[PDB]
Amino acid sequence: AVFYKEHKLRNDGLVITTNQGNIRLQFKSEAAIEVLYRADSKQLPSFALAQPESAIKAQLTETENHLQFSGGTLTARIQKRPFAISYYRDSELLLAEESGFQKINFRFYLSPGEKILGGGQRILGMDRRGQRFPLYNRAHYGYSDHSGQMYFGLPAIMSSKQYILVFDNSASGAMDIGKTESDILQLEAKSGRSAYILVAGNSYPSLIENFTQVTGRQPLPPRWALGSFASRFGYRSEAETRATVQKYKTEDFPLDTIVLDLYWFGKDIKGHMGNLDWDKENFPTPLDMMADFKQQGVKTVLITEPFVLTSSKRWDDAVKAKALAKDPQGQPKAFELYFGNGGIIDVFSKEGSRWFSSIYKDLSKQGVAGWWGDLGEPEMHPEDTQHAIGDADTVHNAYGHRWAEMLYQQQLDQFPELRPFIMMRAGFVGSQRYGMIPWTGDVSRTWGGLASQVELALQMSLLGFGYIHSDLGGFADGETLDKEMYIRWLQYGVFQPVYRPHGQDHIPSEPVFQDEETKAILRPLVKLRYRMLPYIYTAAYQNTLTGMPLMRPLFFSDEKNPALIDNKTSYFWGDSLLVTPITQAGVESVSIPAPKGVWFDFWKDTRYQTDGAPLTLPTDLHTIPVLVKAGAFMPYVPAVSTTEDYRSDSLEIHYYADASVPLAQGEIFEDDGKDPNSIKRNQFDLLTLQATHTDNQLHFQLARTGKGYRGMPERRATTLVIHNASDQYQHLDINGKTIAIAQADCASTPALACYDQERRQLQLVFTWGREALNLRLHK
Ligand SMILES: *[C@H]1[C@H](O)[C@@H](O)[C@H](O)[C@@H](CO)[C@@H]1NCCCCCCCCN=[N+]=N
């Protein structure tokens, strides 16, 4: 039995007293509220919130039976007797407490028909209603087509009613999404903070904008993060690492970054972890290695882990520095891991953080450009391990999150003019604000492992992680390459956030070590990835601005059709491309549930119109099915080997014209690819294109804003290819000057405007300078 007794309003927050204790309510924005039960008691702070101490002005009104506490769009309605809080957007019920709060336990009602995404990485179906699962980050080695518990859980859900609910608790716990009781959402933890956060929105984009506003926005990664990575588990030597960089050159595959797994610090998988320094028998001249790679535009990333083994060179020093978590007796805690016997660096302590940070600083000074943190669940984390702020079970799901924060802060302190690259396997809600780029762990080399990746990506993307990706080609076990699976996985790779093939080294993960057929297929696609950098990097910019994920689910296309929520086989890559990965062997055709409208075959230019019915496309081995939305501007630059050579002096833009799209817009974001302050300081060149398409005219308005950046081209040579262009356009005006449109020999003359009747493509070639440009095509 819980009932209201009294309330006070202090520092814009509502403090309610019930018979059971105090509850603190603070609006973190107009659309988001933090509800803290046991507010009078000492407890761990928020991990989810970017500004945990903010509380914006709200209005409180009181009635006989209720209080209402209201920000601009979200309202909390507090029923006095019995005590229960419910949440409204406008006049619409989002979520109501059932018994609410009662070791730690929250119970809410679910509405009939309500669909619930969430929980982070699980392979259960996109709608997790009907499922129960733990909140305890944990390895799932070799997973394929099913998982209730893996590396990176999130204590959060997204509802078809367009709210996001976060359980802001770091402890070992559980989520029961109407499994045990069909109309009850239950959140449980053994200990930790007794708080939740509700975020509302008017659309899925806005919801995500509102969520990332209070949990954190990902800073723009360095543009090289969008390039080709060489990786395996693991390069065994400097000579082998150099030979791999060389293989990319001699095989003509793009390469930005080479990744070094655990052999960089010892010759065996076991026994060396914690050395955190070069194994000189196998990496004899590592400074030269990294410098030599830098001359070829290639970055070096090194693996690190939380654990320091008692067999490692740094055990005695870690103990001396008090860097390791302790037992209740106060000695360093040691325990068995896969890798051997050892302790865990206490990233929650001053001592642990300074010690680990110093090691990162030193290696970064030597030439390391980015960082890979593996095993941050932490993979093994015995219950009686004590960290500075609590025991293992209490802090477990935030260890990785704090590890990212530590490393992020460290990298910014060392290199304030560079964007940190931090790739980790486990985090918390908000970890994206520390630049965390997650990957979906040790996936099996099976079709099932591939077939799960869109589900996993969308689930993480929706709740803050735009750069979620997979080990391309698969990671775990296998005895010989499954060639078709590998090709499909690396094709899909082009259209997902990070291009990082990676696997256990008994089978090659890198595309340069594949057979002639496989390379003939993948080489033009890895180059396509580079040619498409302006499209991808523009989506990255939008992710930084608004949280908008790079991969978007099919359900964004129609928010009034909740059945689309179940789709985990077709997704949007940026605004304009609907991608359907092939995820089983021998598939001869696919049925693509394209939204109502006009669509083009990305590869073949075929125009399709549909009023709802799916489109059936044949498959081939050299592509996966990709449709372009009518009204898309697809921007390309010439392929380079490394993003260090990126230029946009030459632009090629493809516009997909159709009379059904009378107004279309596109943008291309350009900056120096490296300055972490480029967006804040307007040191960029934002190119905008607008098409106006009427019965007798097609008009393009081109412009640039922003303050520019060093090396920005003043004038770009631009080729605009208009697909599905009318054969009736007779003239072009460029800023009022009339130019005839040639109707022959478009590929064989230096034509300024030419219509190719066989391809229905109208090509315009012009100089795009700093002033506004209008191109008018007239029948
Ligand atoms: C962490 C990370 O997820 C991977 O991408 C890394 O490459 C590795 C190595 O640093 C790490 N996971 C290691 C898993 C090792 C298990 C090896 C088992 C051998 C086969 N046994 N069976 N069955």
# chains A, B, ... in the order shown; residues from 1 in each chain; ligands from 1
$ residues_near_ligand --ligand "ligand 1" --cutoff "7 Å" --atoms "only C-alpha atoms and all ligand atoms" --output "JSON, numbers by chain"
{"A": [232, 233, 234, 261, 262, 303, 374, 375, 425, 441, 442, 477, 503, 504]}
$ residues_around --residues "residue 140 (chain A)" --least-positions-apart "3" --cutoff "12 Å" --atoms "only C-alpha atoms" --output "list in words"
residues 121, 122, 123, 136, 137, 143, 144, 145, 146, 147, 148, 149, 150, 151, 152, 153, 375, 377, 379, 425, 440, 441, 442, 443, 444, 449 and 476 of chain A
$ write_last_selection --atoms "C-alpha atoms" --output "PDB file, in the first residue's frame"
ATOM      1  CA  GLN A 121      21.629  -6.777 -28.472  1.00  0.00           C
ATOM      2  CA  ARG A 122      19.236  -9.766 -28.501  1.00  0.00           C
ATOM      3  CA  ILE A 123      18.191 -12.017 -31.424  1.00  0.00           C
ATOM      4  CA  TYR A 136      23.853  -8.413 -17.517  1.00  0.00           C
ATOM      5  CA  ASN A 137      26.408  -7.794 -20.276  1.00  0.00           C
ATOM      6  CA  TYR A 143      25.984 -17.016 -31.680  1.00  0.00           C
ATOM      7  CA  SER A 144      23.968 -17.492 -34.874  1.00  0.00           C
ATOM      8  CA  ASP A 145      20.172 -16.978 -35.075  1.00  0.00           C
ATOM      9  CA  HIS A 146      19.196 -16.703 -31.407  1.00  0.00           C
ATOM     10  CA  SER A 147      20.211 -14.917 -28.193  1.00  0.00           C
ATOM     11  CA  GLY A 148      18.515 -13.715 -25.031  1.00  0.00           C
ATOM     12  CA  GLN A 149      21.777 -12.228 -23.614  1.00  0.00           C
ATOM     13  CA  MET A 150      24.911 -10.956 -25.256  1.00  0.00           C
ATOM     14  CA  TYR A 151      27.757  -8.397 -25.118  1.00  0.00           C
ATOM     15  CA  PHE A 152      25.863  -5.120 -25.052  1.00  0.00           C
ATOM     16  CA  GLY A 153      22.476  -5.020 -23.469  1.00  0.00           C
ATOM     17  CA  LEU A 375      36.027  -7.798 -23.137  1.00  0.00           C
ATOM     18  CA  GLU A 377      31.287  -6.619 -20.240  1.00  0.00           C
ATOM     19  CA  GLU A 379      33.714 -10.756 -19.731  1.00  0.00           C
ATOM     20  CA  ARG A 425      31.941  -4.359 -27.306  1.00  0.00           C
ATOM     21  CA  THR A 440      28.263  -7.258 -32.409  1.00  0.00           C
ATOM     22  CA  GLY A 441      30.971  -9.557 -30.991  1.00  0.00           C
ATOM     23  CA  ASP A 442      32.144 -13.037 -31.839  1.00  0.00           C
ATOM     24  CA  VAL A 443      29.510 -13.996 -34.392  1.00  0.00           C
ATOM     25  CA  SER A 444      29.709 -17.496 -35.906  1.00  0.00           C
ATOM     26  CA  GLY A 449      25.011 -15.112 -37.877  1.00  0.00           C
ATOM     27  CA  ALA A 476      34.119 -17.630 -34.858  1.00  0.00           C
TER      28      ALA A 476
END
$ residues_around --residues "residue 85 (chain A)" --least-positions-apart "6" --cutoff "12 Å" --atoms "only C-alpha atoms" --output "count of residues only"
33
$ select_by_dssp --residues "region 361-442 of chain A" --states "strand (DSSP E)" --output "PyMOL selection string"
chain A and resi 370-373+386-387+390-391+422-424+436-438
$ select_by_dssp --residues "region 486-724 of chain A" --states "alpha helix (DSSP H)" --output "number ranges by chain"
A: 486-493, 516-531, 533-546
$ write_last_selection --atoms "N, CA and C atoms" --output "mmCIF file, in the first residue's frame"
data_model
loop_
_atom_site.group_PDB
_atom_site.id
_atom_site.type_symbol
_atom_site.label_atom_id
_atom_site.label_comp_id
_atom_site.auth_asym_id
_atom_site.auth_seq_id
_atom_site.Cartn_x
_atom_site.Cartn_y
_atom_site.Cartn_z
ATOM 1 N N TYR A 486 30.521 -15.306 -47.227
ATOM 2 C CA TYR A 486 31.512 -14.265 -47.074
ATOM 3 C C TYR A 486 31.251 -13.085 -48.042
ATOM 4 N N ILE A 487 30.999 -13.406 -49.314
ATOM 5 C CA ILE A 487 30.699 -12.386 -50.332
ATOM 6 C C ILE A 487 29.445 -11.603 -49.932
ATOM 7 N N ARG A 488 28.372 -12.323 -49.571
ATOM 8 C CA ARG A 488 27.149 -11.652 -49.159
ATOM 9 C C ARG A 488 27.362 -10.727 -47.989
ATOM 10 N N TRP A 489 28.142 -11.177 -47.018
ATOM 11 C CA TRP A 489 28.401 -10.406 -45.806
ATOM 12 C C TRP A 489 29.214 -9.143 -46.119
ATOM 13 N N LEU A 490 30.218 -9.257 -46.976
ATOM 14 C CA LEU A 490 31.009 -8.072 -47.350
ATOM 15 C C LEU A 490 30.268 -7.108 -48.326
ATOM 16 N N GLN A 491 29.282 -7.614 -49.063
ATOM 17 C CA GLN A 491 28.345 -6.770 -49.867
ATOM 18 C C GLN A 491 27.449 -5.927 -48.966
ATOM 19 N N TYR A 492 26.803 -6.607 -48.026
ATOM 20 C CA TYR A 492 26.022 -5.963 -47.004
ATOM 21 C C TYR A 492 26.887 -4.930 -46.270
ATOM 22 N N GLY A 493 28.125 -5.321 -45.961
ATOM 23 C CA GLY A 493 29.114 -4.422 -45.324
ATOM 24 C C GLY A 493 29.179 -3.004 -45.878
ATOM 25 N N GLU A 516 40.207 -15.027 -56.930
ATOM 26 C CA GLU A 516 40.060 -14.024 -58.001
ATOM 27 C C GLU A 516 38.609 -13.621 -58.213
ATOM 28 N N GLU A 517 37.720 -14.597 -58.220
ATOM 29 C CA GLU A 517 36.287 -14.325 -58.335
ATOM 30 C C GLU A 517 35.753 -13.412 -57.219
ATOM 31 N N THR A 518 36.122 -13.738 -55.984
ATOM 32 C CA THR A 518 35.670 -12.991 -54.828
ATOM 33 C C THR A 518 36.202 -11.546 -54.910
ATOM 34 N N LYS A 519 37.466 -11.396 -55.258
ATOM 35 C CA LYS A 519 38.043 -10.034 -55.376
ATOM 36 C C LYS A 519 37.437 -9.266 -56.522
ATOM 37 N N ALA A 520 37.152 -9.939 -57.643
ATOM 38 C CA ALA A 520 36.539 -9.253 -58.773
ATOM 39 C C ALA A 520 35.146 -8.736 -58.394
ATOM 40 N N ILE A 521 34.472 -9.445 -57.492
ATOM 41 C CA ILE A 521 33.184 -9.006 -56.961
ATOM 42 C C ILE A 521 33.347 -7.855 -55.956
ATOM 43 N N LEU A 522 34.232 -8.006 -54.988
ATOM 44 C CA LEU A 522 34.276 -7.067 -53.879
ATOM 45 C C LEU A 522 35.094 -5.810 -54.154
ATOM 46 N N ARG A 523 36.091 -5.857 -55.038
ATOM 47 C CA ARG A 523 36.948 -4.684 -55.250
ATOM 48 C C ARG A 523 36.107 -3.460 -55.694
ATOM 49 N N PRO A 524 35.236 -3.614 -56.709
ATOM 50 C CA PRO A 524 34.450 -2.422 -57.103
ATOM 51 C C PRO A 524 33.442 -1.975 -56.042
ATOM 52 N N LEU A 525 33.042 -2.873 -55.147
ATOM 53 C CA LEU A 525 32.170 -2.505 -54.038
ATOM 54 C C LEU A 525 32.907 -1.797 -52.894
ATOM 55 N N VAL A 526 34.128 -2.226 -52.575
ATOM 56 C CA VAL A 526 34.914 -1.483 -51.589
ATOM 57 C C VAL A 526 35.248 -0.098 -52.190
ATOM 58 N N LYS A 527 35.510 -0.014 -53.485
ATOM 59 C CA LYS A 527 35.693 1.309 -54.085
ATOM 60 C C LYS A 527 34.425 2.131 -54.068
ATOM 61 N N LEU A 528 33.277 1.502 -54.351
ATOM 62 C CA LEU A 528 31.978 2.167 -54.204
ATOM 63 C C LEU A 528 31.783 2.815 -52.842
ATOM 64 N N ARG A 529 32.128 2.084 -51.783
ATOM 65 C CA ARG A 529 32.111 2.629 -50.425
ATOM 66 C C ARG A 529 32.865 3.965 -50.347
ATOM 67 N N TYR A 530 34.060 4.030 -50.926
ATOM 68 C CA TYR A 530 34.842 5.282 -50.948
ATOM 69 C C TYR A 530 34.217 6.362 -51.862
ATOM 70 N N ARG A 531 33.718 5.945 -53.023
ATOM 71 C CA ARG A 531 33.070 6.898 -53.927
ATOM 72 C C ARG A 531 31.831 7.534 -53.282
ATOM 73 N N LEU A 533 31.499 8.172 -50.071
ATOM 74 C CA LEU A 533 31.774 8.890 -48.850
ATOM 75 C C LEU A 533 30.953 10.170 -48.618
ATOM 76 N N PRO A 534 30.699 10.985 -49.661
ATOM 77 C CA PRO A 534 29.865 12.149 -49.342
ATOM 78 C C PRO A 534 28.453 11.779 -48.878
ATOM 79 N N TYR A 535 27.873 10.692 -49.387
ATOM 80 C CA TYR A 535 26.565 10.234 -48.895
ATOM 81 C C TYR A 535 26.638 9.756 -47.423
ATOM 82 N N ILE A 536 27.655 8.948 -47.145
ATOM 83 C CA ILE A 536 27.788 8.303 -45.844
ATOM 84 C C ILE A 536 28.145 9.365 -44.767
ATOM 85 N N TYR A 537 29.085 10.231 -45.110
ATOM 86 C CA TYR A 537 29.598 11.222 -44.189
ATOM 87 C C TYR A 537 28.542 12.281 -43.897
ATOM 88 N N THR A 538 27.680 12.576 -44.884
ATOM 89 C CA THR A 538 26.509 13.399 -44.656
ATOM 90 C C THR A 538 25.488 12.766 -43.672
ATOM 91 N N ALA A 539 25.211 11.469 -43.824
ATOM 92 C CA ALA A 539 24.417 10.734 -42.799
ATOM 93 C C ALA A 539 25.083 10.733 -41.418
ATOM 94 N N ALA A 540 26.409 10.639 -41.381
ATOM 95 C CA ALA A 540 27.154 10.746 -40.118
ATOM 96 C C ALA A 540 26.974 12.115 -39.449
ATOM 97 N N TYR A 541 27.147 13.163 -40.228
ATOM 98 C CA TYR A 541 26.830 14.506 -39.782
ATOM 99 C C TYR A 541 25.403 14.607 -39.208
ATOM 100 N N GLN A 542 24.392 14.087 -39.919
ATOM 101 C CA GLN A 542 23.021 14.127 -39.414
ATOM 102 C C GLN A 542 22.891 13.349 -38.104
ATOM 103 N N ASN A 543 23.609 12.238 -37.984
ATOM 104 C CA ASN A 543 23.624 11.482 -36.714
ATOM 105 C C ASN A 543 24.174 12.325 -35.576
ATOM 106 N N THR A 544 25.260 13.047 -35.828
ATOM 107 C CA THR A 544 25.809 13.940 -34.822
ATOM 108 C C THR A 544 24.811 15.046 -34.459
ATOM 109 N N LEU A 545 24.100 15.606 -35.449
ATOM 110 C CA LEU A 545 23.143 16.692 -35.168
ATOM 111 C C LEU A 545 21.906 16.259 -34.409
ATOM 112 N N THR A 546 21.337 15.109 -34.780
ATOM 113 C CA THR A 546 19.999 14.743 -34.359
ATOM 114 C C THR A 546 19.846 13.342 -33.778
#
$ residues_around --residues "residue 267 (chain A)" --least-positions-apart "4" --cutoff "8 Å" --atoms "only C-alpha atoms" --output "list in words"
residues 236, 263, 279 and 282 of chain A
$ write_last_selection --atoms "N, CA and C atoms" --output "tab-separated table (two decimals), in the first residue's frame"
chain	number	residue	atom	x	y	z
A	236	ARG	N	50.44	-11.79	-36.53
A	236	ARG	CA	51.36	-12.39	-35.57
A	236	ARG	C	52.69	-11.65	-35.44
A	263	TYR	N	48.24	-10.27	-30.27
A	263	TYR	CA	49.63	-10.68	-30.48
A	263	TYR	C	50.63	-9.51	-30.46
A	279	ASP	N	55.43	-6.67	-27.97
A	279	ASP	CA	56.26	-7.87	-27.94
A	279	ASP	C	57.35	-7.69	-28.98
A	282	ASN	N	58.45	-10.17	-31.88
A	282	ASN	CA	57.59	-10.24	-33.10
A	282	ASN	C	57.21	-8.89	-33.75
$ closest_residue --among "A:532, A:84, A:470, A:775" --to "residue 736 (chain A)" --atoms "only C-alpha atoms"
A:775
$ closest_atom_pairs --of "region 377-463 of chain A" --to "region 112-120 of chain A" --cutoff "8 Å" --atoms "only C-alpha atoms" --output "CSV"
residue,atom,partner,partner_atom,distance
A:456,CA,A:120,CA,7.5
A:459,CA,A:120,CA,5.7
A:460,CA,A:120,CA,5.5
A:463,CA,A:120,CA,7.7
$ write_last_selection --atoms "N, CA, C and O atoms" --output "PDB file, in the first residue's frame"
ATOM      1  N   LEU A 456      20.161  -6.766 -35.007  1.00  0.00           N
ATOM      2  CA  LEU A 456      21.044  -6.227 -33.986  1.00  0.00           C
ATOM      3  C   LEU A 456      21.404  -4.750 -34.257  1.00  0.00           C
ATOM      4  O   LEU A 456      21.449  -3.942 -33.325  1.00  0.00           O
ATOM      5  N   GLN A 459      18.375  -2.407 -33.594  1.00  0.00           N
ATOM      6  CA  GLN A 459      18.039  -2.314 -32.176  1.00  0.00           C
ATOM      7  C   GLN A 459      18.986  -1.366 -31.439  1.00  0.00           C
ATOM      8  O   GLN A 459      18.568  -0.627 -30.548  1.00  0.00           O
ATOM      9  N   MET A 460      20.267  -1.419 -31.783  1.00  0.00           N
ATOM     10  CA  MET A 460      21.281  -0.527 -31.182  1.00  0.00           C
ATOM     11  C   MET A 460      21.185   0.884 -31.755  1.00  0.00           C
ATOM     12  O   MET A 460      21.335   1.876 -31.007  1.00  0.00           O
ATOM     13  N   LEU A 463      18.481   3.211 -30.239  1.00  0.00           N
ATOM     14  CA  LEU A 463      18.765   3.635 -28.873  1.00  0.00           C
ATOM     15  C   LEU A 463      20.179   4.193 -28.704  1.00  0.00           C
ATOM     16  O   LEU A 463      20.826   4.003 -27.667  1.00  0.00           O
TER      17      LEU A 463
END
$ atom_distance --atom1 "CA of residue 651 (chain A)" --atom2 "CA of residue 768 (chain A)"
9.3 Å
$ residues_around --residues "residue 717 (chain A)" --least-positions-apart "2" --cutoff "9 Å" --atoms "only C-alpha atoms" --output "short mmCIF file (atom, residue, chain, number, x, y, z; two decimals) with N, CA and C atoms, in the first residue's frame"
data_model
loop_
_atom_site.label_atom_id
_atom_site.label_comp_id
_atom_site.auth_asym_id
_atom_site.auth_seq_id
_atom_site.Cartn_x
_atom_site.Cartn_y
_atom_site.Cartn_z
N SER A 648 37.08 16.57 -53.02
CA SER A 648 35.82 16.80 -53.71
C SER A 648 35.94 17.90 -54.75
N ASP A 649 37.12 18.06 -55.33
CA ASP A 649 37.28 18.93 -56.48
C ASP A 649 36.39 18.51 -57.66
N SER A 650 36.19 17.20 -57.81
CA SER A 650 35.34 16.59 -58.83
C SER A 650 34.15 15.94 -58.15
N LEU A 651 32.93 16.38 -58.46
CA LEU A 651 31.71 15.81 -57.89
C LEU A 651 30.87 15.23 -58.98
N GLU A 652 30.24 14.09 -58.70
CA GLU A 652 29.32 13.48 -59.63
C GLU A 652 28.06 13.19 -58.85
N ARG A 715 35.85 26.10 -56.34
CA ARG A 715 35.04 25.71 -57.48
C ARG A 715 35.16 24.18 -57.68
N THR A 719 29.33 17.04 -62.35
CA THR A 719 28.56 16.32 -63.34
C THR A 719 27.29 15.86 -62.67
N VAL A 765 27.14 19.29 -67.13
CA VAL A 765 28.48 19.42 -66.59
C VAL A 765 28.78 20.91 -66.46
N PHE A 766 29.17 21.34 -65.26
CA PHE A 766 29.27 22.77 -64.93
C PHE A 766 30.24 22.97 -63.77
N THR A 767 30.47 24.22 -63.41
CA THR A 767 31.40 24.59 -62.36
C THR A 767 30.55 25.07 -61.20
N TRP A 768 30.68 24.47 -60.02
CA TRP A 768 29.89 24.84 -58.86
C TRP A 768 30.79 25.63 -57.93
N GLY A 769 30.66 26.95 -58.00
CA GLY A 769 31.48 27.86 -57.18
C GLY A 769 30.76 28.25 -55.93
#
$ closest_residue --among "A:704, A:693, A:415, A:586" --to "residue 668 (chain A)" --atoms "only C-alpha atoms"
A:704
$ residues_around --residues "residue 725 (chain A)" --least-positions-apart "6" --cutoff "12 Å" --atoms "only C-alpha atoms" --output "list in words"
residues 605, 607, 630, 631, 654, 655, 656, 657, 658, 659, 693, 696, 697, 698, 754, 755, 756, 757, 758, 759, 760, 761, 762, 763, 764, 777, 778 and 779 of chain A
$ write_last_selection --atoms "N, CA and C atoms" --output "PDB file, in the first residue's frame"
ATOM      1  N   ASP A 605      19.180   0.803 -62.958  1.00  0.00           N
ATOM      2  CA  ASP A 605      18.418   1.977 -63.325  1.00  0.00           C
ATOM      3  C   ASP A 605      16.944   1.712 -63.640  1.00  0.00           C
ATOM      4  N   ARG A 607      13.110   1.504 -63.414  1.00  0.00           N
ATOM      5  CA  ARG A 607      12.125   2.275 -62.669  1.00  0.00           C
ATOM      6  C   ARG A 607      11.003   1.353 -62.274  1.00  0.00           C
ATOM      7  N   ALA A 630      12.857   7.689 -55.658  1.00  0.00           N
ATOM      8  CA  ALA A 630      12.641   8.860 -56.496  1.00  0.00           C
ATOM      9  C   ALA A 630      12.816  10.160 -55.700  1.00  0.00           C
ATOM     10  N   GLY A 631      13.511  11.119 -56.298  1.00  0.00           N
ATOM     11  CA  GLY A 631      13.850  12.385 -55.630  1.00  0.00           C
ATOM     12  C   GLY A 631      15.217  12.389 -54.936  1.00  0.00           C
ATOM     13  N   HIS A 654      23.904  12.130 -58.936  1.00  0.00           N
ATOM     14  CA  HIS A 654      22.854  11.447 -59.659  1.00  0.00           C
ATOM     15  C   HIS A 654      21.519  11.769 -59.027  1.00  0.00           C
ATOM     16  N   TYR A 655      20.629  12.391 -59.814  1.00  0.00           N
ATOM     17  CA  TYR A 655      19.303  12.781 -59.353  1.00  0.00           C
ATOM     18  C   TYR A 655      18.292  11.866 -60.011  1.00  0.00           C
ATOM     19  N   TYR A 656      17.426  11.270 -59.204  1.00  0.00           N
ATOM     20  CA  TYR A 656      16.429  10.295 -59.691  1.00  0.00           C
ATOM     21  C   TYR A 656      15.065  10.981 -59.879  1.00  0.00           C
ATOM     22  N   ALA A 657      14.846  11.520 -61.090  1.00  0.00           N
ATOM     23  CA  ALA A 657      13.689  12.344 -61.372  1.00  0.00           C
ATOM     24  C   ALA A 657      12.432  11.519 -61.553  1.00  0.00           C
ATOM     25  N   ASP A 658      11.348  12.012 -60.980  1.00  0.00           N
ATOM     26  CA  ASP A 658      10.007  11.501 -61.287  1.00  0.00           C
ATOM     27  C   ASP A 658       8.966  12.550 -60.953  1.00  0.00           C
ATOM     28  N   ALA A 659       7.990  12.698 -61.836  1.00  0.00           N
ATOM     29  CA  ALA A 659       6.926  13.714 -61.669  1.00  0.00           C
ATOM     30  C   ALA A 659       6.139  13.541 -60.379  1.00  0.00           C
ATOM     31  N   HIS A 693      10.089  20.046 -59.756  1.00  0.00           N
ATOM     32  CA  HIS A 693       9.747  19.255 -60.941  1.00  0.00           C
ATOM     33  C   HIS A 693       8.255  19.469 -61.241  1.00  0.00           C
ATOM     34  N   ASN A 696       6.190  21.040 -67.090  1.00  0.00           N
ATOM     35  CA  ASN A 696       7.016  21.565 -68.196  1.00  0.00           C
ATOM     36  C   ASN A 696       8.427  22.012 -67.819  1.00  0.00           C
ATOM     37  N   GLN A 697       8.829  21.828 -66.567  1.00  0.00           N
ATOM     38  CA  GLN A 697      10.110  22.328 -66.126  1.00  0.00           C
ATOM     39  C   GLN A 697      10.721  21.472 -65.032  1.00  0.00           C
ATOM     40  N   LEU A 698      12.051  21.387 -65.042  1.00  0.00           N
ATOM     41  CA  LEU A 698      12.819  20.790 -63.940  1.00  0.00           C
ATOM     42  C   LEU A 698      13.910  21.789 -63.604  1.00  0.00           C
ATOM     43  N   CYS A 754      23.613  17.140 -72.293  1.00  0.00           N
ATOM     44  CA  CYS A 754      23.352  16.133 -73.297  1.00  0.00           C
ATOM     45  C   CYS A 754      22.368  15.085 -72.791  1.00  0.00           C
ATOM     46  N   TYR A 755      21.387  14.759 -73.635  1.00  0.00           N
ATOM     47  CA  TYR A 755      20.377  13.751 -73.329  1.00  0.00           C
ATOM     48  C   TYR A 755      20.705  12.462 -74.059  1.00  0.00           C
ATOM     49  N   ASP A 756      20.780  11.376 -73.302  1.00  0.00           N
ATOM     50  CA  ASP A 756      21.072  10.070 -73.802  1.00  0.00           C
ATOM     51  C   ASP A 756      19.735   9.332 -73.873  1.00  0.00           C
ATOM     52  N   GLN A 757      19.213   9.204 -75.086  1.00  0.00           N
ATOM     53  CA  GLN A 757      17.867   8.649 -75.295  1.00  0.00           C
ATOM     54  C   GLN A 757      17.722   7.169 -74.937  1.00  0.00           C
ATOM     55  N   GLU A 758      18.775   6.386 -75.139  1.00  0.00           N
ATOM     56  CA  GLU A 758      18.757   4.976 -74.813  1.00  0.00           C
ATOM     57  C   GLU A 758      18.738   4.757 -73.259  1.00  0.00           C
ATOM     58  N   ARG A 759      19.391   5.626 -72.481  1.00  0.00           N
ATOM     59  CA  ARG A 759      19.436   5.463 -71.024  1.00  0.00           C
ATOM     60  C   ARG A 759      18.442   6.360 -70.292  1.00  0.00           C
ATOM     61  N   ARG A 760      17.759   7.254 -71.000  1.00  0.00           N
ATOM     62  CA  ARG A 760      16.895   8.260 -70.390  1.00  0.00           C
ATOM     63  C   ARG A 760      17.643   9.045 -69.270  1.00  0.00           C
ATOM     64  N   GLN A 761      18.884   9.432 -69.577  1.00  0.00           N
ATOM     65  CA  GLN A 761      19.732  10.204 -68.679  1.00  0.00           C
ATOM     66  C   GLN A 761      20.101  11.504 -69.346  1.00  0.00           C
ATOM     67  N   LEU A 762      19.905  12.585 -68.615  1.00  0.00           N
ATOM     68  CA  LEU A 762      20.285  13.919 -69.071  1.00  0.00           C
ATOM     69  C   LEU A 762      21.463  14.348 -68.229  1.00  0.00           C
ATOM     70  N   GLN A 763      22.610  14.567 -68.860  1.00  0.00           N
ATOM     71  CA  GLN A 763      23.837  14.938 -68.151  1.00  0.00           C
ATOM     72  C   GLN A 763      24.174  16.428 -68.319  1.00  0.00           C
ATOM     73  N   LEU A 764      24.413  17.107 -67.199  1.00  0.00           N
ATOM     74  CA  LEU A 764      24.823  18.506 -67.187  1.00  0.00           C
ATOM     75  C   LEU A 764      26.175  18.597 -66.514  1.00  0.00           C
ATOM     76  N   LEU A 777      15.633  23.454 -66.730  1.00  0.00           N
ATOM     77  CA  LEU A 777      15.372  22.675 -67.915  1.00  0.00           C
ATOM     78  C   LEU A 777      13.911  22.937 -68.298  1.00  0.00           C
ATOM     79  N   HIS A 778      13.677  23.218 -69.581  1.00  0.00           N
ATOM     80  CA  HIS A 778      12.396  23.698 -70.109  1.00  0.00           C
ATOM     81  C   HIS A 778      11.946  22.813 -71.276  1.00  0.00           C
ATOM     82  N   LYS A 779      10.672  22.398 -71.289  1.00  0.00           N
ATOM     83  CA  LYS A 779      10.096  21.798 -72.475  1.00  0.00           C
ATOM     84  C   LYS A 779       9.740  22.907 -73.461  1.00  0.00           C
TER      85      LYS A 779
END
$ closest_atom_pairs --of "region 510-559 of chain A" --to "region 202-215 of chain A" --cutoff "7 Å" --atoms "only C-alpha atoms" --output "tab-separated table"
residue	atom	partner	partner_atom	distance
A:546	CA	A:209	CA	4.9
A:547	CA	A:209	CA	5.4
A:548	CA	A:205	CA	6.4
A:556	CA	A:204	CA	6.9
$ closest_residue --among "A:451, A:585, A:686, A:598" --to "residue 669 (chain A)" --atoms "only C-alpha atoms"
A:686
